[PDB]
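Heads up: the structure comes next, in C-alpha cells.
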Amino acid sequence: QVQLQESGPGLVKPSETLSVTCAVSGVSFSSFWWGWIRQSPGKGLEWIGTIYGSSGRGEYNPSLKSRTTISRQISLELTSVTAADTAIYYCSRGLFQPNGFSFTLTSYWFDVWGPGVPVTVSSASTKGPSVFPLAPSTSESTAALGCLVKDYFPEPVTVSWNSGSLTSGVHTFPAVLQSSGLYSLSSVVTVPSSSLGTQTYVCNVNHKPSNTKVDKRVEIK
Amino acid sequence: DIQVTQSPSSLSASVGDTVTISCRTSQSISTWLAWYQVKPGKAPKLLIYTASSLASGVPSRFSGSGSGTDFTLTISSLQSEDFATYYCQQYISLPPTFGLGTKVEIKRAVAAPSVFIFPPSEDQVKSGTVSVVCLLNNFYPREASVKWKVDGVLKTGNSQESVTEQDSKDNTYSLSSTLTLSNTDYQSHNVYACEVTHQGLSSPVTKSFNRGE
C-alpha cells in the first residue's frame, strides 16, 4: 500500500552535517505524518522526530532537538555529528489518536517503516585490509584454520575460501570497530586434520571501497 | 523519558510452543503500547497497537494484553517465521520510547564448543601489534565465557568478542575472542591460554600455546 525508501551518504565526518532523505509513494503525502527513527549498533531504537505532511508541523526528541531539522518526500538533517550518531536511519509514518474526552493527543506509533539506510560517522580514511593467517592438529580428527582481516575502512570486506569452492564449515564473524577507527574480523573454517599436508587452504579477501583483493595461503606453522 | 523495560532479553523456544514476553513501563501509559517484530537487516513491522489491537495482516497467534505499567505479548504455537526480535514501545507521551527487545531464538540440544587458539603470525609480530585469536565453534546455548591467562595469570582488557547468528542448518553459534597487544607486551609473556566455560562443558577447557614455539 504505502512504500518508503530512504537514501543518503553512507559516510559523514565528525562535526559535519548528516543529511538523509525519504521517498514516499502509494498515498497522499499531505494527509499523513512522517518521520525518522534510528538504531545505533548495540543500542535500542530511538525516535528522532515526526512532521505533518501538509504543514510541516511536528516535534523532535528533546535530546536531539538542538541539532535536528525535518522538512517535507521528507528530509532529515542532523548537525554536529559524532561517532555516537553512527546508526541505521528509518523513515516512517507516525500515527496518533485523541486522548479525549479532551484535547490531549497521544504521541506516535509507526505502522510503516522503510528498510533503513545505514550511516557511519567517522574521521577514518578509506584503507585496505591486512590479512594474517590463523594456523594451529593430527591428534584431533578436525582442525580449524582461518584468516584475520583487519585495519580496513569502511565496511565491508568479503571472505571466501579456495575461490568459493570451500563453503561447508566456514564462519565469518561480524566486523568490530577498533579504537583506532578501523574494522577487524576473522573468517574460520574447520576441515579434516588428514587433509592438512595434501590440500591447500587459501582465503580470498575482497575490499571493494579500496579496490583491494588478497589471496592468502594458510599453512601449518 | 518514560522508561520501557522488556523481559527476558532472550528466550529459547520451539515451534509449537506458546511464548510470553513482558513489557513494563516506569509510569502508566494507559493502553498506548505498540509491539514490533524485527528480523536481521529487515525493516521493523508493527504487530500490535493500543496494547491489544492486531495490525493489518498479522496472524492471530499474536495477541497483546495489559494496561497501565504491565503488558504482555503472547505467541500461541510459535512458527518458524516467528523467530525474531520483538520490541515494545510506549506512545502516551513525547518522546515515544522503545524497550531494548526480546530475542526469540531456536532451541536445540546442548552442544559444547570446540575450542581453538591461534598464535600471531610472524608477520603480525613484525608489525609491532599482535592479535591472539580464540575460537569457540558450533556451540549451544549462546551463553559462554572466555578468560585469557598469560603465564597463568588472569589477563583483563584488550579483548573483543564477536558472535555469529544462529546457524541456519544446525542452530548453533560460533564465537571469536581476540586479544590485541603491542608486540612489546606480547614478548613479555611466555604462555598464552584461553579458558572456556559453557553449559556443555562439565569443567572449563583451556587451549594454550608457548610463544615462539
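Quick note on naming: the chains in the C-alpha cells go A, B, ... in the order shown, residues restart at 1 in each chain, and ligands are numbered from 1 in order of appearance.
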At most 6 Å to chain A: residues in chain B, only C-alpha atoms, as a ChimeraX atom specification: /B:42-43,46,91-95,100,118,164
DSSP strand (DSSP E or B) residues within range 53-148 of chain A, listed as a PyMOL selection string: chain A and resi 58-60+68-71+74-78+87-95+98+105+109-113+117-121+127+130-134+142-148
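Note that the spacing between CA of residue 98 in chain A and CA of residue 56 in chain A amounts to 19.7 Å.
Excluding residue 49 in chain B itself and same-chain residues fewer than 3 positions from it, the residues having an atom within 6 Å of it are residues 33, 34 and 53 of chain B, counting only C-alpha atoms.
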Alpha helix (DSSP H) call set, DSSP backbone run, range 31-168 of chain B, as a PyMOL selection string: chain B and resi 122-127
Non-local contacts of residue 148 in chain B (12 Å; only C-alpha atoms; under 3 positions in same chain excluded) as an MDAnalysis selection string: chainID B and resid 117 132:134 145 151:160 177:180 191:197 205:208
Residues from last step as file, N, CA and C atoms, as a compact mmCIF listing (two decimals), in the first residue's frame:
```
# COMPACT_ATOMS: atom_id res chain seq x y z
N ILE B 117 42.96 -22.19 19.65
CA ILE B 117 43.72 -20.96 19.87
C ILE B 117 44.74 -20.78 18.76
N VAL B 132 45.81 -12.21 19.18
CA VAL B 132 45.72 -13.63 19.52
C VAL B 132 44.25 -14.01 19.46
N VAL B 133 43.92 -15.07 18.72
CA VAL B 133 42.51 -15.38 18.50
C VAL B 133 42.15 -16.71 19.16
N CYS B 134 41.07 -16.68 19.93
CA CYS B 134 40.47 -17.88 20.48
C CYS B 134 39.11 -18.11 19.81
N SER B 145 31.60 -18.09 28.39
CA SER B 145 32.57 -17.16 28.96
C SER B 145 33.99 -17.59 28.59
N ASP B 151 50.85 -16.59 31.30
CA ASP B 151 51.71 -17.24 32.28
C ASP B 151 50.93 -17.57 33.56
N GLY B 152 49.68 -18.01 33.38
CA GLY B 152 48.87 -18.49 34.49
C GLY B 152 48.12 -17.41 35.24
N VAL B 153 48.26 -16.16 34.80
CA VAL B 153 47.63 -15.01 35.44
C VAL B 153 46.50 -14.44 34.59
N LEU B 154 45.38 -14.12 35.23
CA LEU B 154 44.23 -13.58 34.51
C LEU B 154 44.61 -12.29 33.78
N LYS B 155 44.29 -12.22 32.49
CA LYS B 155 44.51 -11.01 31.71
C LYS B 155 43.16 -10.40 31.33
N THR B 156 42.87 -9.23 31.91
CA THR B 156 41.65 -8.49 31.59
C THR B 156 41.97 -7.32 30.65
N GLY B 157 40.97 -6.89 29.90
CA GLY B 157 41.15 -5.79 28.97
C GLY B 157 41.80 -6.24 27.67
N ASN B 158 41.74 -5.39 26.66
CA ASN B 158 42.40 -5.63 25.37
C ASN B 158 41.78 -6.78 24.58
N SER B 159 40.58 -7.23 24.96
CA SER B 159 39.90 -8.31 24.22
C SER B 159 38.53 -7.87 23.72
N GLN B 160 38.12 -8.45 22.59
CA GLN B 160 36.83 -8.19 21.96
C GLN B 160 36.26 -9.51 21.50
N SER B 177 37.17 -14.69 20.34
CA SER B 177 37.67 -13.75 21.31
C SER B 177 39.07 -13.38 20.87
N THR B 178 39.30 -12.09 20.68
CA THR B 178 40.55 -11.63 20.09
C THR B 178 41.22 -10.71 21.09
N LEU B 179 42.45 -11.07 21.45
CA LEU B 179 43.26 -10.32 22.39
C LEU B 179 44.28 -9.54 21.60
N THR B 180 44.26 -8.21 21.72
CA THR B 180 45.17 -7.37 20.94
C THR B 180 46.16 -6.66 21.84
N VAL B 191 53.47 -18.07 27.94
CA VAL B 191 52.36 -18.93 27.59
C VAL B 191 51.07 -18.12 27.57
N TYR B 192 50.29 -18.37 26.52
CA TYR B 192 49.02 -17.71 26.27
C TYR B 192 47.92 -18.75 26.24
N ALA B 193 46.87 -18.53 27.02
CA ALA B 193 45.80 -19.52 27.16
C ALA B 193 44.44 -18.85 27.14
N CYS B 194 43.47 -19.48 26.48
CA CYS B 194 42.09 -19.05 26.64
C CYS B 194 41.31 -20.20 27.23
N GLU B 195 40.57 -19.85 28.28
CA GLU B 195 39.84 -20.78 29.12
C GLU B 195 38.35 -20.57 28.88
N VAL B 196 37.66 -21.63 28.50
CA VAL B 196 36.26 -21.53 28.10
C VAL B 196 35.32 -22.29 29.03
N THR B 197 34.32 -21.57 29.50
CA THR B 197 33.26 -22.15 30.32
C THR B 197 31.96 -22.11 29.53
N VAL B 205 37.53 -25.65 29.68
CA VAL B 205 38.53 -26.13 28.74
C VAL B 205 39.52 -25.02 28.46
N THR B 206 40.80 -25.38 28.41
CA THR B 206 41.88 -24.43 28.15
C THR B 206 42.68 -24.86 26.95
N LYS B 207 42.93 -23.92 26.04
CA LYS B 207 43.79 -24.15 24.90
C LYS B 207 44.89 -23.12 25.01
N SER B 208 46.13 -23.56 24.84
CA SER B 208 47.26 -22.67 25.04
C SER B 208 48.40 -22.93 24.07
```
Please list as a PDB file with C-alpha atoms, in the first residue's frame every residue within 9 Å of residue 80 in chain B, counting only C-alpha atoms and excluding residues in the same chain fewer than 4 positions away.
```
ATOM      1  CA  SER B  14      10.490 -24.480  19.787  1.00  0.00           C
ATOM      2  CA  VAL B  15       7.891 -24.431  17.024  1.00  0.00           C
ATOM      3  CA  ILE B 106      15.605 -21.599  18.282  1.00  0.00           C
TER       4      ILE B 106
END
```
Pick from B:75, B:144, B:181, B:150, whichever lies nearest to residue 162 in chain B using only C-alpha atoms: B:144
Non-local contacts of residue 10 in chain A (7 Å; only C-alpha atoms; under 3 positions in same chain excluded) as a ChimeraX atom specification: /A:118-120
